[PDB]
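First the structure, in the form of structure tokens, and then the observations on it.
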Amino acid sequence: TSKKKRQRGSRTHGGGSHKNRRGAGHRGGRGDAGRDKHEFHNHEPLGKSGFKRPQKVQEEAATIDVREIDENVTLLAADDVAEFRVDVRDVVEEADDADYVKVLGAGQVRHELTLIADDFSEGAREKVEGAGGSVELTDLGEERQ
Amino acid sequence: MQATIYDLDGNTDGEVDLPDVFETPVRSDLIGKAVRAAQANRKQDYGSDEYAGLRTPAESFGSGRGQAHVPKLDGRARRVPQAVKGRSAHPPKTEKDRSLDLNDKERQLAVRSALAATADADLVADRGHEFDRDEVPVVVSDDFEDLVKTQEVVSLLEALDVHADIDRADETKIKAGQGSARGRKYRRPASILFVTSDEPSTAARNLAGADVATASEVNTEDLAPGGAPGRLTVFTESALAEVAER
Amino acid sequence: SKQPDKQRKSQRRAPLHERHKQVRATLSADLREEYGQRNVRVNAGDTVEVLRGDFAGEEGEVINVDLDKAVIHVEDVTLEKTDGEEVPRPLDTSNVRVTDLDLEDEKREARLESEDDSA
Amino acid sequence: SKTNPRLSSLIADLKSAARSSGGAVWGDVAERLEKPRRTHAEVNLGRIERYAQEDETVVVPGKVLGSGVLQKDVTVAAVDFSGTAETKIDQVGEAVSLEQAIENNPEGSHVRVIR
RNA sequence: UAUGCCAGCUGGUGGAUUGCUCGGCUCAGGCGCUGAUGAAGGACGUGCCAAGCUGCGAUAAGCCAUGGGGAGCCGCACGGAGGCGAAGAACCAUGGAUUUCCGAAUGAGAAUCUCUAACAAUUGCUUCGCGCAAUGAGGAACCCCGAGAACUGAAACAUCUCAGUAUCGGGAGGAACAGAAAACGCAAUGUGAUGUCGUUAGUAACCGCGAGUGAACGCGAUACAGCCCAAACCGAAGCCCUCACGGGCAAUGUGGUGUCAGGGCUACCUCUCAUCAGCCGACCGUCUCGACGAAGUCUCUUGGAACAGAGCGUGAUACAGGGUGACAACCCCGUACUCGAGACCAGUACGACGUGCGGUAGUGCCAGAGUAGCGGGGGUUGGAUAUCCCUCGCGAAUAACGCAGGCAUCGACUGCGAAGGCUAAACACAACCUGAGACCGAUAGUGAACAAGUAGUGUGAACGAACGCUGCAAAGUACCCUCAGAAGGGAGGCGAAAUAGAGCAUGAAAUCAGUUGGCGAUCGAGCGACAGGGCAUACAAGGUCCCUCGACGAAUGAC
RNA sequence: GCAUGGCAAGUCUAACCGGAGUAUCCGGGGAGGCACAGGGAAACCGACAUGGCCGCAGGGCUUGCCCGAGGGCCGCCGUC
Ligand SMILES: [Cl-]
Ligand SMILES: [Cl-]
Ligand SMILES: [Cl-]
Ligand SMILES: [Mg+2]
Ligand SMILES: [Mg+2]
Ligand SMILES: [Mg+2]
Ligand SMILES: [Mg+2]
Ligand SMILES: [Mg+2]
Ligand SMILES: [Mg+2]
Ligand SMILES: [Mg+2]
Ligand SMILES: [Mg+2]
Ligand SMILES: [Mg+2]
Ligand SMILES: [Mg+2]
Ligand SMILES: [Mg+2]
Ligand SMILES: [Mg+2]
Ligand code: NA
Ligand code: NA
Ligand code: NA
Ligand code: NA
Ligand code: NA
Ligand code: NA
Ligand code: NA
Ligand code: NA
Ligand code: NA
Ligand code: NA
Ligand code: NA
Ligand code: NA
Ligand code: NA
Ligand code: NA
Ligand code: NA
Ligand code: NA
Ligand code: NA
Ligand code: NA
Ligand code: NA
Ligand SMILES: [Sr+2]
Ligand SMILES: [Sr+2]
Ligand SMILES: [Sr+2]
Ligand SMILES: [Sr+2]
Ligand SMILES: [Sr+2]
Ligand SMILES: [Sr+2]
Ligand SMILES: [Sr+2]
Ligand SMILES: [Sr+2]
Ligand SMILES: [Sr+2]
Ligand SMILES: [Sr+2]
Ligand SMILES: [Sr+2]
Ligand SMILES: [Sr+2]
Ligand SMILES: [Sr+2]
Ligand SMILES: [Sr+2]
Ligand SMILES: [Sr+2]
Ligand SMILES: [Sr+2]
Ligand SMILES: [Sr+2]
Ligand SMILES: [Sr+2]
């Protein structure tokens, strides 16, 4: 049995005095009425802030953490196994509709990896090299200068 | 497990591997959910005329003549819900979404589960079907498809100690209620489901309570009419194998 | 259609030429064999046996066939009015069976004897 | 108000075992499964690898998922595993149903709850 | 015990309830224009008797032909009389005939009539003559182009909102509109006409930066289709009417060429299956209609009736639905299978006829002006500097040029050729046809299951109800008595039932008549709850209860 | 938000297409959405698959002592 189903006989259906559930006055106005007066509480404050650059002058980088790559090495058997070599571009989803691929250094790297990507974060390298690995900046990647 | 194959004479003619799906654990909640959705999805949208009760310039006189403020026209009360000939306050609405969604995985799981309920004589018997057989579902040679006469299928079912269920379904019920006024005077027990592979069995379809289907598209309702698992079924050598990859 | 309202409606409002089928009656065993039909449209000449009402068991000549009301009068199947006069008690052909045909009409006979068509 | 027949049976069996054998885990696990689904455990392998030890049955009062790497040779007992979870686990150890565990160890001894 | 209170009984009143459904409501598919050759609508006629509805039109519920159909028929409508039908009627399909008056209403006028040959009025062509033609008005909504509110929201209110909504003017079609880039701008080595659907997204953008408003490119789909002029170069090589003769148009340019894969011209190579025009002309599919179509009407019992129960039997590519005196696959219509016709798809697709694609070199020959663009003032938009449009004013270039890429200018780069035009399909609606339903079931559902837009209200615009059910069969009550009496009453007849006898299935409550129980003319008012007494009570569906004594015997507790 | 259920580092298809028992249903369709990294107006940069200590449930043991998921208090890391 639901709450609705139990209201017959109650008269007020939970509204309290039958003088309560009328028009918008019972809501202090329609929509966001009073968001600066009677109901200012918890509302974001009023005002303009910042600016936006045109959407076609904006770059969307496709990112990935070493942790993701590293935990799936053996499974990514369909990619180089040298002294592993992996072109991150062939790993990241959304890499297509992105302006470039970037390797971030979140997590650990328990293997020696030769990563190929358009860009890496300082920590991404330190960890990769740290595990006797290497980092190869793609041709596009050659946009840092 | 293995299932016995039968020839059109009712004699055993070898046997095959009962596909793994028939091992799927029976899940009546998922099966019921699946049947509930298929049943809802074929319901038609309805609702009263949106202007019903509203075609009137009826006005209220307000205070003054010792009468309640009810819209009236030609001395007759109108429009409002409490008024006879007035509008319906909260009537059936056409814009209402009367369909039910169901994830493909969840639906397919119910199909497999309904399939598995078909291989359990105890369940099949609990569902209500009448028969003197022990092995279930009933598997038959693909020649079954070449049959043409209904009475031929009758002979085969009797030879298989399964015709008893058709006698069960050979009783129609004249329902209580006004369904009758809308074309739903009768209803009847669900009997044997015949699952073939090329085309539904034209020869078996007219049997009392019988349902015909094809391995490629047999659904949860076929296998569990009303959402009750364990329907007495009869597969076809090929149907059995094809149904395995559902 | 399958809807009861439409079925009865199509029957009550069927044009005249479509009402002949509302006055058809099953044929005796012999007649069915003779003309290869299970039933026929009762004519004011046929002989018929009543198989269901209070007059079940009686046989007589058909004296009238009303298409407007889809009923037939059969000789001796009557009711006695208050004054005493004897009037016919209308019968639904569905409760009757033809035991002898009136083939005085070549078109009818030809129709019955044909195979592709039935009378 | 559970709707799944098997989940109900599992809970019933978990209680029978706890009331008739030297194991308070089963009943404990039964109590957690009786709680709303949102509270049930949803554990990835990475967590089992961090707190599990060999020859100690890992018991998950919920479902095991496939994120992370499991190397330890442990037996994981859970209400359910994702396809990948059960695969990675069977490789270096073993994946078993809470129904099997209850049968091989009704006393519920040498076991660690992970959530 | 009067007047009277409470409850019930018999009979009314009333029409709830239950059951029933010729009507609604909603959804889906199909289909889709009519009219001066006088539509749609209205008026008045039209029947043996004819008021209403339906039909029809002085040939008047109908006339003719072809096919279907069939022994009956003369609509709703169950009468009387009479007639028609084997000279094949009724009925149905297709085609044709007739088709009064008003009505766009068109000779002039007029509340449906009148007065003295008429396309009235506006147009095009023109034989300059109404000679040949067009327009006008209708249609449920859908569609296109214009005009354009307020209540309301913002808790007031003015910008904003409601909303380009309601409503108004004009106009087309079966669909409309749009549409082969002076595009896009995931900026690219990229996309490639246009609708529409999903998404992009409540994103960008707007906004007393409040409340609110709100795209696009792209992507996934549906369906796919591209072409024609102006000019250059030609210059009468041409078009329209007429059978013809003949006439009219046309140098202010008919016709050829050509159309951003730019074109033309001069000089060449090669070659056409592009395009444009015309001819032929479907399959299939979908919708509707139609033909054919299996097997019990066997026994006994109950009943007014078997379609019930019990017994025996049968068909099924048919166990959808309906009808028939009660629960019917097998009694009748249908239903499955198979077959036929029309409509739509579609004058489309294919096929065939003709035409002829394209490439090289040269050539500043051609390529749409109040335009592109700028300014003043307005409206509008998400359009913000960067939407679209109106208005006033100003105002260019000529492809070696010009426009666009979300502020202006200049260069570069990429895209693209405005100021001419046409264009199938995929999408909207629901009048019309058919199908369908966890919709309503006669105070419901349409206002309308019935006389329904009826009766009726208002000067008018406009407003607007209520009314469903005898029975299996009318067997719809003969004869007799009574009475002023075709009334009514009594008796009687029919039927299973008249307490089924006409708003005639059932027949609640309020309530009325008569009557039964209890109370009652010395007595007090939330009408009762709980206890306990009186009186009343056919059966059934409840069977307990009382007194002596004894056993048990909590709290409490004696003489 | 919550209860139940499927799947899970993923999940769900939308329009629409094919099939069919033809509005149901079977297959297909991942366009796109949300989740898988945040911080910053922007430019731009880009994180604990665990380092310490308490300790509930549960487990272990020689029955106070160990292990102690979740939780609690800190460290430390990304960015302004
Ligand atoms: Cl930005
Ligand atoms: Cl986890
Ligand atoms: Cl593009
Ligand atoms: Mg109403
Ligand atoms: Mg009922
Ligand atoms: Mg014959
Ligand atoms: Mg006139
Ligand atoms: Mg206001
Ligand atoms: Mg449009
Ligand atoms: Mg304000
Ligand atoms: Mg707006
Ligand atoms: Mg755009
Ligand atoms: Mg405005
Ligand atoms: Mg009504
Ligand atoms: Mg009555
Ligand atoms: Na109230
Ligand atoms: Na009205
Ligand atoms: Na709906
Ligand atoms: Na149409
Ligand atoms: Na009349
Ligand atoms: Na006519
Ligand atoms: Na004219
Ligand atoms: Na003229
Ligand atoms: Na206000
Ligand atoms: Na005010
Ligand atoms: Na504003
Ligand atoms: Na793309
Ligand atoms: Na009958
Ligand atoms: Na605008
Ligand atoms: Na201007
Ligand atoms: Na552009
Ligand atoms: Na009524
Ligand atoms: Na008493
Ligand atoms: Na996707
Ligand atoms: Sr409340
Ligand atoms: Sr109000
Ligand atoms: Sr509020
Ligand atoms: Sr304030
Ligand atoms: Sr994508
Ligand atoms: Sr007053
Ligand atoms: Sr008639
Ligand atoms: Sr009639
Ligand atoms: Sr195209
Ligand atoms: Sr041009
Ligand atoms: Sr710029
Ligand atoms: Sr009434
Ligand atoms: Sr209506
Ligand atoms: Sr007035
Ligand atoms: Sr009498
Ligand atoms: Sr005592
Ligand atoms: Sr999916
Ligand atoms: Sr922690």
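Side chains are part of it too, since the values below use all heavy atoms of this structure and drop only hydrogens, waters and symmetry mates. The chains referred to below are lettered A, B, ... by the order of the sequence lines, with proteins before strands, and numbering in each begins at 1.
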Hunt down the Watson-Crick or G-U wobble partner of [N], both distances under 3.5 Å, from any strand shown, or write none.
{"N": "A183(E)", "value": "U191(E)"}
{"N": "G493(E)", "value": "none"}
{"N": "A328(E)", "value": "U297(E)"}

Item to complete: Decide between north and south for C224(E), the convention being positive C1'-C2'-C3'-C4' for north and negative for south.
Response: north
Worksheet item: By the stacking rule (ring centres under 5.5 Å, planes under 30°), does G174(E) stack with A175(E)?
Response: no
Worksheet item: Is the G458(E)-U459(E) step stacked (ring centres under 5.5 angstrom, plane angle under 30°)?
Response: no
Discussion item. Is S67(D) close enough to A49(F) that one of its side-chain N or O atoms is under 4.0 Å from OP1 or OP2 there?
Written reply: no
Worksheet item: Should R50(D) be listed as having a side-chain N or O under 4.0 Å from OP1 or OP2 of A49(F)?
Response: no
Heavy atoms from C-beta onward define the side chain here; which of [options] lies closest to that of [X]?
{"X": "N206(B)", "options": "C319(E), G21(F), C332(E)", "result": "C319(E)"}
{"X": "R112(D)", "options": "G58(F), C25(F), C7(F)", "result": "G58(F)"}
{"X": "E217(B)", "options": "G19(F), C331(E), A154(E)", "result": "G19(F)"}

Discussion item. Under 4.0 Å between a side-chain nitrogen and a carboxylate oxygen: does that hold for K96(B) and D45(B)?
Written reply: no
Worksheet item: Over how many whole Å does the gap from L207(B) atom CG to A320(E) atom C1' extend?
Response: 16 Å
Discussion item. Between P on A436(E) and CZ on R184(B), what's the gap in Å once rounded to a whole number?
Written reply: 13 Å
Give one of base, sugar-phosphate or nothing for [X], where a contact means two heavy atoms less than 4.0 Å apart.
{"X": "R6(D)", "answer": "nothing"}
{"X": "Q44(B)", "answer": "base"}
{"X": "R89(C)", "answer": "base"}

Fill in: Residue met sooner reading RNA chain E from 5', once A169(B) and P4(C) are mapped to nucleotides
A169(B)
Below 3.5 Å, does any donor atom in the side chain of [X] face an acceptor in the base of [N], or the other way round?
{"X": "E85(C)", "N": "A478(E)", "answer": "no"}
{"X": "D70(A)", "N": "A49(F)", "answer": "yes"}
{"X": "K43(B)", "N": "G437(E)", "answer": "no"}
{"X": "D117(C)", "N": "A291(E)", "answer": "no"}
{"X": "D92(C)", "N": "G325(E)", "answer": "no"}

